[PDB]
Amino acid sequence: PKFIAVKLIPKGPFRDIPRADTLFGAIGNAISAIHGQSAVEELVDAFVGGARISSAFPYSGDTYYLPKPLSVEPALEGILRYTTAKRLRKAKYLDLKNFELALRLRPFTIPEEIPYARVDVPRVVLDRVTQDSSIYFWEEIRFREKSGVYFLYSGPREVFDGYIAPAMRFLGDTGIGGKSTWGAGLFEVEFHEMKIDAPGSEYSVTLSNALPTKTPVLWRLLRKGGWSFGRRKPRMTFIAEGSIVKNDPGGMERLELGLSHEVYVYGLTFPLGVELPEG
Amino acid sequence: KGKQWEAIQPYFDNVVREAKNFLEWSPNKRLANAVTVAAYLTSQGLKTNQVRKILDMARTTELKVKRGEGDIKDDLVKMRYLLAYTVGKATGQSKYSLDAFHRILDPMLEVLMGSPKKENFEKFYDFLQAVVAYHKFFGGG
Amino acid sequence: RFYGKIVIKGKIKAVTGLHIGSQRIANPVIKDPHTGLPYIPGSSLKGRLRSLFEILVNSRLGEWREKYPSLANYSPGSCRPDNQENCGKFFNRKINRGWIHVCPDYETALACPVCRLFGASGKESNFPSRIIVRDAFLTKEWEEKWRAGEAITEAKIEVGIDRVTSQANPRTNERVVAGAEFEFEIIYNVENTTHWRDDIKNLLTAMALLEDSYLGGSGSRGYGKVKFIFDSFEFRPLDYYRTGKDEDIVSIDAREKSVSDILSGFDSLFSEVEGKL
Amino acid sequence: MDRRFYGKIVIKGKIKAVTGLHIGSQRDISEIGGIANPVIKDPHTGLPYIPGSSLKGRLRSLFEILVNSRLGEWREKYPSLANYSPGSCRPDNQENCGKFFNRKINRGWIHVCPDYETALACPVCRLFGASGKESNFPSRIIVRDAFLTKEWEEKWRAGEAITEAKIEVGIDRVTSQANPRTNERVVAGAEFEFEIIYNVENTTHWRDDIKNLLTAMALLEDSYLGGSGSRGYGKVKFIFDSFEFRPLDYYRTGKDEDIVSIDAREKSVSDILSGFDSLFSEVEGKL
Amino acid sequence: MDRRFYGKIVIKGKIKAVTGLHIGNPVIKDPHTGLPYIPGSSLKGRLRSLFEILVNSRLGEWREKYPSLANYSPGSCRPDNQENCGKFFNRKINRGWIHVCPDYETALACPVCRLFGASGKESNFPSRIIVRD
Amino acid sequence: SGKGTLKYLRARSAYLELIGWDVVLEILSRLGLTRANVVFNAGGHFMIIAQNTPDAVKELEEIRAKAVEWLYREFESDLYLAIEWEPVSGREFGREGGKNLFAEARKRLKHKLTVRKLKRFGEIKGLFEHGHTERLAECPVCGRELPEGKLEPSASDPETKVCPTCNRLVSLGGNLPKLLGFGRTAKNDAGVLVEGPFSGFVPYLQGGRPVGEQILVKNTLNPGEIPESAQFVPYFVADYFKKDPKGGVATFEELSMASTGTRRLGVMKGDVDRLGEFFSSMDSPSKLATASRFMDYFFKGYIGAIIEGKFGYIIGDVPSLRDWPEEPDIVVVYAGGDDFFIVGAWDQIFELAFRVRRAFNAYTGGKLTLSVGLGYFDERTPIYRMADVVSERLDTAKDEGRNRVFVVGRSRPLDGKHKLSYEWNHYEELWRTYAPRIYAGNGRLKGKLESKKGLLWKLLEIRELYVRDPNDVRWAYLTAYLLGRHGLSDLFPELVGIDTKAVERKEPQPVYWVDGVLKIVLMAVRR
Ligand SMILES: [Zn+2]
Ligand SMILES: [Zn+2]
Ligand SMILES: [Zn+2]
Ligand SMILES: [Zn+2]
């Protein structure tokens with residue numbers, strides 16, 4: 001399990017931490033520009049076979065953060081004081097050192113500070129003749145000086161360098177969603193290698209949106225829907241990152257939406273092994 | 001009152017010259033002593049209008065430390081003899097008040113000619129304004 | 001489709017101090033939520049280049065009926081006195097109360113010289129923007145003067161004075177300290193090689209107006225005078241994004257001013273682009 | 001309703017502080033030793049400067065009064081002066097009384113027309129600007145902050161002073177009791193470069209709107225510019241560098257075809273002198 | 001109420017000293033040119049102080065023509081620490097007594113304070129002469 | 001979103017209590033139990049003691065599967081009712097030896113809750129199924145996705161096309177003063193506003209006759225106009241609201257116009273800390289039903305009598321900008337038993353939080369504490385952001401000491417030594433020292449401090465030099481000088497000098513604490 005980490009060093013403030021499906025729709029819309037139409041459907045067949053990506057997760061000066069599994073909650077009492085049993089459960093992200101410990105059900109530590117800060121900036125709308133104001137709020141993720149966001153890739157490198165590494169240079173100059181005409185989703189890219197040790201067992205946490213075919217073991221549910229070319233997507237029941245499946249490959253559902261091409265929604269799981277308690 | 005002006009001054013004067021360099025201590029000491037500097041200058045009159053030429057001389061090159069020049073030779077020349085000209089023009093009962101204020105700054109000026117220019121004069125100029133500020137708080141201006 | 005991305009970089013020189021505000025010193029400028037350095041939004045600079053280019057067209061809604069279509073469907077003026085969207089007049093989009101020019105569909109927005117560049121939503125169409133006005137932050141010379149003890153904001157107290165009795169009614173305004181440097185970045189997208197030319201002529205026209213007008217804030221009391229110093233023109237072709245092999249067309253404009261770049265250097269510096277398109 | 005654009009008459013020149021100039025703003029910002037009446041100085045250079053609000057306000061307040069006197073006969077020249085009567089709204093707290101000075105800022109009364117349609121015809125607010133609930137006519141002039149001329153930068157480099165400390169005193173008529181104070185004022189004779197841009201929005205009425213700006217300036221040369229003023233501290237004098245028209249064809253192309261008027265060694269009263277039809281005659285060809 | 005404007009009577013001329021003058025031990029000078037000069041405040045505050053003393057003796061002859069001279073008896077508030085009372089010099093500046101009428105309509109009616117200007121609490125009537133250096 | 005100002009939130013918080021009773025009363029009738037078998041029911045959390053038959057466990061699976069499949073269609077997985085049961089013995093109630101059997105029997109039951117909250121919708125089987133239905137859209141108020149045509153026009157404007165379940169909650173939002181309880185009755189009845197997971201609830205108005213087989217009666221224990229055949233189920237609810245000039249519930253934009261000083265909306269959200277550890281102290285069903293009812297009646301009943309302006313002997317003096325009005329402008333949105341969420345006039349919510357905490361500290365015998373997270377937001381602010389920021393200002397004041405109030409959004413150094421939210425006792429002496437010397441009352445300042453409101457901004461500028469550099473002592477003389485020039489050398493003696501006791505304790509200097517005590521005095525004046 002040596003993962004090609006893709007670091008996204010932000011320029012302007014992101015609209016959100018990109019979900020896994022925000023990325024794959026961004027990547028597919030890149031390859032429809034820098035590779036034409038037929039290479040995107042070829043890209044979709046590559047992720048069906050072996051290739052998997054993950055959701056984006058923050059990083060703070062090489063200290064790579066990762067989602068906390070839901071494997072720790074049913075037996076957090078078997079780990080370890082009541083104040084510690086809540087602040088460890090309330091958390092959302094764990095460090096790369098501490099994500100490996102909770103896969104083996106070891107005692108561990110939460111991070112102290114979160115890198116990003118969801119701030120809300122007020123903007124205004126002005127008519128051109130009378131300069132009369134019309135306020136509306138707006139809110140976006142604002143990252144710190146060193147920090148940023150990354151995500152993972154595991155698969156054949158001839159699919160990486162052929163597809164993703166072009167797309168993450170085209171997506172450095174048009175954003176990953178949000179009001180990317182205000183310089184929101186823009187970044188610069190550097191690639192790395194990253195290693196997470198997984199204990200061999202039949203249960204697995206998913207580092208991306210699961211969208212399962214069979215019912216998982218323990219799952220934090222998530223409802224979101226996208227926007228392809230001005231067309232609303234229906235709300236789908238993805239699972240959030242860090243839920244536990246047993247031998248589930250996930251899936252992608254093509255959607256109609258009245259476009260010239262079919263539109264796929266990435267929900268392929270990203271399994272890393274986990275040790276579950278009794279239930 | 002004036003009985004505090006006799007004891008606290010003679011407690012502070014041997015501590016004054018023994019730290020003659022302006023880069024004595026950047027910690028809490030130079031602010032703790034600076035209140036005691038204005039504590040025995042409280043009982044004296046210590047009018048500021050004669051010092052306004054000296055402080056504006058400290059003001060006009062405080063911008064010139066800040067990317068103006070890297071030479072404080074021509075300024076600190078002008079600060080040394082005018083501060084001797086302070087008793088050198090104004091004598092009398094204000095002279096006995098201004099002799100005790102002479103003996104603290106004159107050890108520190110002679111540092112500043114050969115000193116750093118970005119450093120060690122900021123450490124003087126911060127001790128400059130600590131003497132003035134508390135002096136307004138004990139009842140003088 | 002996609003051809004390449006003309007990336008403009010350079011420097012914004014706020015010659016006279018400028019103010020933006022957050023509405024939360026009574027009118028504080030915007031800063032970062034962490035470091036506290038002030039900046040210029042990308043929206044306060046896209047919309048300001050939009051207002052100034054909107055009015056110029058508003059005067060020329062007659063003379064640009066042969067160069068651009070979809071201005072024959074407009075007459076100059078607002079639509080405030082009758083709350084009627086897409087009427088005969090030009091500013092036909094009421095957002096909350098402000099009436100803004102936004103074209104309603106695609107095939108009229110493709111010909112309208114504002115909505116083609118700056119972008120327009122409308123109903124059923126959503127023609128996206130073509131420029132990307134990235135934010136502007138202080139130059140590393142000024143990021144270091146932030147660390148060198150200098151204050152980067154300063155309060156100006158203006159007053160409001162009774163005409164007869166000459167009473168005083170003050171107020172405070174936190175501005176950015178005059179003389180500062182912001183480094184900007186405007187990333188055009190080459191979608192169509194037919195009207196490749198005019199969007200760089202119609203963007204630099206809006207900067208000729210922004211340099212004479214103000215950039216937000218009080219402005220008419222003096223808080224604008226933003227000035228543009230260009231540093232780099234690029235092209236970033238479609239060959240560049242596929243492989244990453246650095247063969248992008250670069251035009252040198254290191255000492256070029258924004259009126260010395262429109263025609264003084266526009267045939268000159270973008271001569272190398274026209275062979276590649 | 002119908003805001004257009006035709007160019008920007010740029011008035012370049014040099015303000016010459018004939019008498020000591022005083023503006024004044026805040027003091028004691030992380031600072032202890034001052035004269036406690038400092039003229040506003042920008043922090044990056046630490047030099048004094050004339051602001052834009054201190055010049056646009058004093059050009060305004062000398063042009064409310066001219067209108068307030070000739071309110072009776074200009075209703076035919078300019079509509080929407082029939083909403084007004086000469087006087088203040090001060091004796092009865094109304095934001096719209098019959099008199100001219102109608103809008104309460106905090107406790108003082110400043111003429112601002114309440115609507116776009118009312119301010120479009122008013123001679124004051126069509127130039128200097130206006131406000132209201134939902135209607136809001138914005139200005140046309142951009143008065144920019146004036147800084148010292150290339151010469152007077154170097155007199156700060158060579159070592160010459162730029163601010164002087166004048167001691168004034170107050171005296172009782174009976175006991176001759178001296179009550180002194182100090183002022184920081186600009187040294188008399190310093191010289192600031194101003195620039196006043198006029199956004200030409202309608203070609204119908206710019207001749208009668210440039211003349212109003214040169215009326216408010218020609219009063220300012222006889223009045224004072226900020227500060228104690230009645231005791232000498234103003235006395236400012238405009239030295240015009242160049243008028244420039246900056247047309248609409250300038251902004252698209254970049255050709256140096258902007259119309260330059262001749263204002264080399266002329267007073268502010270000499271532009272408005274018979275010859276305003278001759279100084280801005282070639283502007284009529286461009287309309 | 002109702003500030004108006006008809007014109008500005010300009011009084012040019014030349015002050016001559018037949019006998020030697022002093023201001024204030026150097027006579028203060030113009031810094032940029034070096035020359036001495038007679039300021040503005042020493043010529044407007046000198047005419048006011050030779051006119052508040054002249055009005056003080058004559059509060060019977062001007063009171064029929066000027067209102068708000070009946071509100072004062074010819075005197076001084078130097079012994080009695082009272083702000084606005086029968087005595088004619090009403091403002092304690094810090095320690096000095098200068099006659100300033102404390103309202104617009106008092107200073108509109110006053111013969112001194114309609115000309116040499118008048119401060120106030122929320123009135124602040126402004127002057128009608130401006131005396132340059 | 002920014003629709004339905006406070007007639008709508010106040011309708012939701014009582015709509016949630018209807019669903020809370022529509023399940024509990026369904027368990028009691030289906031199993032043959034009375035209302036004595038409820039141990040407690042407060043704040044979306046109940047506990048019923050029942051029998052262990054094979055017959056009842058067949059029924060409890062039917063109750064649970066019918067509740068959840070209602071809570072999936074009517075709310076798109078935003079709300080979930082996780083019902084778990086566990087068989088106990090008779091000896092399991094009382095303590096045996098020294099071991100608390102009833103706590104570990106409650107840990108067997110609470111863990112089955114914790115697993116079930118993870119498998120959030122397990123008993124659905126159409127949960128992860130995908131079927132693309134033609135042309136859905138979403139609601140502008142609540143953001144639920146419905147098919148087109150079900151979106152009907154609203155009761156405010158016919159322009160917007162809201163949910164059908166919002167127009168029932170705006171109409172209920174007006175019937176809140178005109179109300180004396182609810183009547184639980186069948187689904188296909190006439191006159192029912194809102195439907196629950198098992199039944200329908202008719203409003204029993206001011207002038208009217210009750211209809212249905214069971215009648216919920218708010219805030220009174222006496223069957224006044226109730227028939228003899230009906231069942232009387234009394235529920236309490238914190239229900240204070242300032243009436244408008246009409247006969248109705250106040251607005252956001254009414255409360256802040258009638259506030260003290262400038263206009264702003266004062267949201268507070270606070271909760272009792274370490275309460276789940278407190279209910280494990282009980283060791284019998286006699287003991288837990290009491291402790292969950294005396295704790296229940298504080299935030300239900302006795303919080304009304306605090307806002308009405310009572311109990312000066314118990315409370316004392318609070319940090320208060322002006323003395324308490326006869327009819328205060330406070331809107332109790334929600335108050336559950338462990339939790340509360342109260343909006344109002346933003347300088348009476350400031351007064352109320354120290355008035356709730358003081359009365360809570362004498363209701364309990366000094367043993368349990370509150371953690372109130374105060375926010376101050378404008379009227380033009382959507383509520384989903386106001387609850388988002390205030391709950392984060394809550395968890396700021398929760399993870400630090402659990403006995404501490406957040407007051408104002410305040411800037412801090414990046415060291416970790418400086419924690420934001422004020423301790424309760426530590427703050428109420430900062431009001432006793434700083435406020436009666438710079439503030440007099442009713443939005444005006446002390447003598448000869450007027451025309452010096454620029455000073456208190458400058459004094460909060462010197463606090464902003466302490467934040468860029470905590471190690472600098474530049475703030476010590478600038479404090480002394482600015483009080484000197486203005487002649488105010490007597491004010492702030494704690495700030496003019498450094499504290500050598502505070503340096504060695506590694507606690508903040510007294511210029512750090514002065515930000516929140518100055519701003520409340522400053523914002524109460526028009527500033
Ligand atoms: Zn358009
Ligand atoms: Zn007007
Ligand atoms: Zn008088
Ligand atoms: Zn709805």
# chains A, B, ... in the order shown; residues from 1 in each chain; ligands from 1
>>> residues_near_ligand(ligand="ligand 3", cutoff="8 Å", atoms="only C-alpha atoms and all ligand atoms", output="VMD selection string")
chain E and resid 99 to 102 106 to 107 110 to 114 118
>>> write_last_selection(atoms="C-alpha atoms", output="PDB file, in the first residue's frame")
ATOM      1  CA  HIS E  99     -16.092  87.964  25.531  1.00  0.00           C
ATOM      2  CA  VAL E 100     -17.746  85.306  23.376  1.00  0.00           C
ATOM      3  CA  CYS E 101     -21.520  85.239  23.060  1.00  0.00           C
ATOM      4  CA  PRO E 102     -22.562  81.646  23.741  1.00  0.00           C
ATOM      5  CA  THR E 106     -26.812  86.112  20.741  1.00  0.00           C
ATOM      6  CA  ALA E 107     -23.832  86.459  18.393  1.00  0.00           C
ATOM      7  CA  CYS E 110     -23.874  90.996  19.270  1.00  0.00           C
ATOM      8  CA  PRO E 111     -21.785  93.760  17.669  1.00  0.00           C
ATOM      9  CA  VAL E 112     -18.461  92.065  18.448  1.00  0.00           C
ATOM     10  CA  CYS E 113     -19.349  88.421  17.916  1.00  0.00           C
ATOM     11  CA  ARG E 114     -21.021  88.900  14.538  1.00  0.00           C
ATOM     12  CA  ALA E 118     -17.996  83.114  18.353  1.00  0.00           C
TER      13      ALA E 118
END
>>> residues_near_ligand(ligand="ligand 4", cutoff="12 Å", atoms="only C-alpha atoms and all ligand atoms", output="number ranges by chain")
F: 1, 3-4, 8, 12, 74-76, 137-146, 150-155, 160-170
>>> residues_around(residues="residue 31 (chain E)", least_positions_apart="4", cutoff="8 Å", atoms="only C-alpha atoms", output="compact mmCIF listing (two decimals) with N, CA, C and O atoms, in the first residue's frame")
# COMPACT_ATOMS: atom_id res chain seq x y z
N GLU D 164 6.15 73.54 10.86
CA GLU D 164 6.57 74.55 11.81
C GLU D 164 5.63 74.55 13.01
O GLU D 164 4.45 74.21 12.91
N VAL D 187 4.74 74.26 6.61
CA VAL D 187 5.55 75.44 6.39
C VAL D 187 4.99 76.23 5.21
O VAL D 187 4.51 75.66 4.23
N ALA D 188 4.97 77.55 5.35
CA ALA D 188 4.30 78.39 4.38
C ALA D 188 5.09 78.44 3.09
O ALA D 188 6.27 78.81 3.07
N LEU E 35 12.47 85.65 6.59
CA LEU E 35 12.03 86.98 6.96
C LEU E 35 11.08 86.94 8.14
O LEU E 35 10.30 85.99 8.29
>>> interface_residues(of="chain D", to="chain B", cutoff="10 Å", atoms="only C-alpha atoms", output="VMD selection string")
chain D and resid 31 to 35 43 to 46 157 161
>>> residues_around(residues="region 136-138 of chain D", least_positions_apart="4", cutoff="6 Å", atoms="only C-alpha atoms", output="JSON, numbers by chain")
{"A": [130], "D": [116, 129, 130, 131, 132]}
>>> closest_atom_pairs(of="chain C", to="ligand 1", cutoff="7 Å", atoms="only C-alpha atoms and all ligand atoms", output="CSV")
residue,atom,partner,partner_atom_place_in_ligand_line,distance
C:101,CA,ligand 1,1 (Zn),6.4
C:102,CA,ligand 1,1 (Zn),5.5
C:103,CA,ligand 1,1 (Zn),4.5
C:109,CA,ligand 1,1 (Zn),5.0
C:112,CA,ligand 1,1 (Zn),4.2
C:113,CA,ligand 1,1 (Zn),6.1
C:114,CA,ligand 1,1 (Zn),4.8
C:115,CA,ligand 1,1 (Zn),3.7
C:116,CA,ligand 1,1 (Zn),6.5
>>> residues_around(residues="region 254-259 of chain C", least_positions_apart="2", cutoff="12 Å", atoms="only C-alpha atoms", output="PyMOL selection string")
(chain C and resi 8-13+200-201+203-212+226-233+250-252+261-266+268-269) or (chain D and resi 250-256)
>>> atom_distance(atom1="CA of residue 238 (chain D)", atom2="CA of residue 217 (chain D)")
8.1 Å
>>> atom_distance(atom1="CA of residue 167 (chain C)", atom2="CA of residue 101 (chain D)")
14.0 Å
>>> residues_around(residues="residue 247 (chain A)", least_positions_apart="6", cutoff="9 Å", atoms="only C-alpha atoms", output="PDB file with N, CA and C atoms, in the first residue's frame")
ATOM      1  N   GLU A 202     -11.021  -8.804   6.781  1.00  0.00           N
ATOM      2  CA  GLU A 202     -12.040  -8.716   5.743  1.00  0.00           C
ATOM      3  C   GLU A 202     -12.896  -7.459   5.880  1.00  0.00           C
ATOM      4  N   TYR A 203     -12.737  -6.715   6.965  1.00  0.00           N
ATOM      5  CA  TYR A 203     -13.435  -5.445   7.082  1.00  0.00           C
ATOM      6  C   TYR A 203     -12.530  -4.314   6.623  1.00  0.00           C
ATOM      7  N   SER A 204     -13.133  -3.224   6.155  1.00  0.00           N
ATOM      8  CA  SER A 204     -12.359  -2.143   5.570  1.00  0.00           C
ATOM      9  C   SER A 204     -13.094  -0.819   5.692  1.00  0.00           C
ATOM     10  N   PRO A 271     -10.890   0.902  -0.114  1.00  0.00           N
ATOM     11  CA  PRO A 271     -10.809   0.102   1.111  1.00  0.00           C
ATOM     12  C   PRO A 271      -9.405   0.048   1.689  1.00  0.00           C
TER      13      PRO A 271
END
>>> residues_around(residues="residue 56 (chain D)", least_positions_apart="2", cutoff="10 Å", atoms="only C-alpha atoms", output="VMD selection string")
(chain C and resid 220 to 222) or (chain D and resid 51 to 54 58 to 61 128 141 to 144 196 216)
>>> write_last_selection(atoms="N, CA, C and O atoms", output="PDB file, in the first residue's frame")
ATOM      1  N   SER C 220     -14.297  58.714  -4.382  1.00  0.00           N
ATOM      2  CA  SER C 220     -14.467  60.094  -4.798  1.00  0.00           C
ATOM      3  C   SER C 220     -13.957  61.069  -3.754  1.00  0.00           C
ATOM      4  O   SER C 220     -13.706  62.227  -4.076  1.00  0.00           O
ATOM      5  N   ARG C 221     -13.815  60.633  -2.514  1.00  0.00           N
ATOM      6  CA  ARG C 221     -13.043  61.341  -1.512  1.00  0.00           C
ATOM      7  C   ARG C 221     -11.564  61.024  -1.608  1.00  0.00           C
ATOM      8  O   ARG C 221     -10.793  61.488  -0.772  1.00  0.00           O
ATOM      9  N   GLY C 222     -11.154  60.225  -2.580  1.00  0.00           N
ATOM     10  CA  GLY C 222      -9.753  59.995  -2.840  1.00  0.00           C
ATOM     11  C   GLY C 222      -9.209  58.601  -2.609  1.00  0.00           C
ATOM     12  O   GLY C 222      -8.006  58.418  -2.762  1.00  0.00           O
TER      13      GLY C 222
ATOM     14  N   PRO D  51      -5.737  65.816   1.856  1.00  0.00           N
ATOM     15  CA  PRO D  51      -6.591  64.689   1.488  1.00  0.00           C
ATOM     16  C   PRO D  51      -7.570  65.075   0.399  1.00  0.00           C
ATOM     17  O   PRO D  51      -7.581  66.203  -0.086  1.00  0.00           O
ATOM     18  N   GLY D  52      -8.386  64.113  -0.006  1.00  0.00           N
ATOM     19  CA  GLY D  52      -9.403  64.411  -0.987  1.00  0.00           C
ATOM     20  C   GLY D  52     -10.692  64.843  -0.335  1.00  0.00           C
ATOM     21  O   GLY D  52     -11.433  65.650  -0.888  1.00  0.00           O
ATOM     22  N   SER D  53     -10.961  64.334   0.864  1.00  0.00           N
ATOM     23  CA  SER D  53     -12.175  64.717   1.572  1.00  0.00           C
ATOM     24  C   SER D  53     -12.071  66.131   2.100  1.00  0.00           C
ATOM     25  O   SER D  53     -13.074  66.842   2.189  1.00  0.00           O
ATOM     26  N   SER D  54     -10.860  66.565   2.443  1.00  0.00           N
ATOM     27  CA  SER D  54     -10.677  67.921   2.939  1.00  0.00           C
ATOM     28  C   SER D  54     -10.705  68.933   1.815  1.00  0.00           C
ATOM     29  O   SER D  54     -10.794  70.135   2.060  1.00  0.00           O
ATOM     30  N   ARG D  58     -14.521  71.156   1.257  1.00  0.00           N
ATOM     31  CA  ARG D  58     -14.430  72.606   1.305  1.00  0.00           C
ATOM     32  C   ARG D  58     -14.787  73.215  -0.041  1.00  0.00           C
ATOM     33  O   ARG D  58     -15.231  74.362  -0.110  1.00  0.00           O
ATOM     34  N   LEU D  59     -14.651  72.457  -1.126  1.00  0.00           N
ATOM     35  CA  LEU D  59     -15.207  72.920  -2.393  1.00  0.00           C
ATOM     36  C   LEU D  59     -16.718  72.766  -2.409  1.00  0.00           C
ATOM     37  O   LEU D  59     -17.408  73.430  -3.187  1.00  0.00           O
ATOM     38  N   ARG D  60     -17.249  71.874  -1.580  1.00  0.00           N
ATOM     39  CA  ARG D  60     -18.694  71.719  -1.534  1.00  0.00           C
ATOM     40  C   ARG D  60     -19.318  72.805  -0.686  1.00  0.00           C
ATOM     41  O   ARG D  60     -20.244  73.488  -1.127  1.00  0.00           O
ATOM     42  N   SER D  61     -18.775  73.020   0.513  1.00  0.00           N
ATOM     43  CA  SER D  61     -19.374  73.944   1.468  1.00  0.00           C
ATOM     44  C   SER D  61     -19.260  75.390   1.016  1.00  0.00           C
ATOM     45  O   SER D  61     -19.949  76.263   1.543  1.00  0.00           O
ATOM     46  N   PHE D 128     -21.162  67.141  -6.923  1.00  0.00           N
ATOM     47  CA  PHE D 128     -20.455  66.622  -5.772  1.00  0.00           C
ATOM     48  C   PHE D 128     -21.023  65.310  -5.276  1.00  0.00           C
ATOM     49  O   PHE D 128     -20.297  64.550  -4.636  1.00  0.00           O
ATOM     50  N   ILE D 141     -17.195  64.050  -9.782  1.00  0.00           N
ATOM     51  CA  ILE D 141     -15.802  64.428  -9.615  1.00  0.00           C
ATOM     52  C   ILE D 141     -15.125  63.408  -8.718  1.00  0.00           C
ATOM     53  O   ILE D 141     -15.734  62.886  -7.780  1.00  0.00           O
ATOM     54  N   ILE D 142     -13.886  63.070  -9.055  1.00  0.00           N
ATOM     55  CA  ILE D 142     -13.005  62.309  -8.182  1.00  0.00           C
ATOM     56  C   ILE D 142     -11.906  63.262  -7.771  1.00  0.00           C
ATOM     57  O   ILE D 142     -11.013  63.563  -8.566  1.00  0.00           O
ATOM     58  N   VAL D 143     -11.986  63.778  -6.558  1.00  0.00           N
ATOM     59  CA  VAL D 143     -10.925  64.614  -6.025  1.00  0.00           C
ATOM     60  C   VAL D 143      -9.948  63.683  -5.335  1.00  0.00           C
ATOM     61  O   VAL D 143     -10.307  62.992  -4.378  1.00  0.00           O
ATOM     62  N   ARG D 144      -8.714  63.650  -5.817  1.00  0.00           N
ATOM     63  CA  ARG D 144      -7.752  62.687  -5.310  1.00  0.00           C
ATOM     64  C   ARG D 144      -6.827  63.335  -4.300  1.00  0.00           C
ATOM     65  O   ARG D 144      -6.700  64.558  -4.252  1.00  0.00           O
ATOM     66  N   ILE D 196      -8.013  66.621 -10.201  1.00  0.00           N
ATOM     67  CA  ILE D 196      -9.464  66.548 -10.096  1.00  0.00           C
ATOM     68  C   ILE D 196     -10.018  66.066 -11.422  1.00  0.00           C
ATOM     69  O   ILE D 196      -9.894  66.749 -12.443  1.00  0.00           O
ATOM     70  N   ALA D 216     -16.400  77.078  -7.439  1.00  0.00           N
ATOM     71  CA  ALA D 216     -16.074  76.648  -6.089  1.00  0.00           C
ATOM     72  C   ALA D 216     -14.579  76.733  -5.831  1.00  0.00           C
ATOM     73  O   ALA D 216     -14.150  76.896  -4.686  1.00  0.00           O
TER      74      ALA D 216
END
>>> residues_near_ligand(ligand="ligand 2", cutoff="6 Å", atoms="only C-alpha atoms and all ligand atoms", output="list in words")
residues 112, 113, 119, 122, 124 and 125 of chain D
>>> write_last_selection(atoms="N, CA and C atoms", output="tab-separated table (two decimals), in the first residue's frame")
chain	number	residue	atom	x	y	z
D	112	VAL	N	-28.21	67.51	0.86
D	112	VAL	CA	-28.13	66.34	0.00
D	112	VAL	C	-29.54	66.07	-0.52
D	113	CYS	N	-29.72	66.07	-1.84
D	113	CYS	CA	-31.04	65.83	-2.41
D	113	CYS	C	-31.46	64.39	-2.16
D	119	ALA	N	-31.88	65.05	-7.70
D	119	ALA	CA	-30.49	65.48	-7.70
D	119	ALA	C	-29.94	65.63	-9.10
D	122	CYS	N	-30.38	69.36	-9.68
D	122	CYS	CA	-29.81	70.26	-8.68
D	122	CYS	C	-28.36	70.58	-9.01
D	124	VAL	N	-25.86	71.57	-7.10
D	124	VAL	CA	-24.86	71.07	-6.16
D	124	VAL	C	-24.69	69.58	-6.33
D	125	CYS	N	-25.75	68.81	-6.11
D	125	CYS	CA	-25.61	67.38	-5.94
D	125	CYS	C	-25.41	66.65	-7.26
>>> atom_distance(atom1="CA of residue 350 (chain F)", atom2="CA of residue 365 (chain F)")
23.9 Å
>>> interface_residues(of="chain C", to="chain A", cutoff="7 Å", atoms="only C-alpha atoms", output="list in words")
residues 1, 2, 22, 34, 42, 43, 51, 78, 96, 97, 98, 99, 100, 126, 129, 131, 132, 133, 134, 135, 238, 241, 242 and 243 of chain C
>>> interface_residues(of="chain E", to="chain D", cutoff="10 Å", atoms="only C-alpha atoms", output="MDAnalysis selection string")
chainID E and resid 1:8 10 24 28 30:33 39:46 49:50 52:53 75:78 89 91:99 116:117 122 126:133
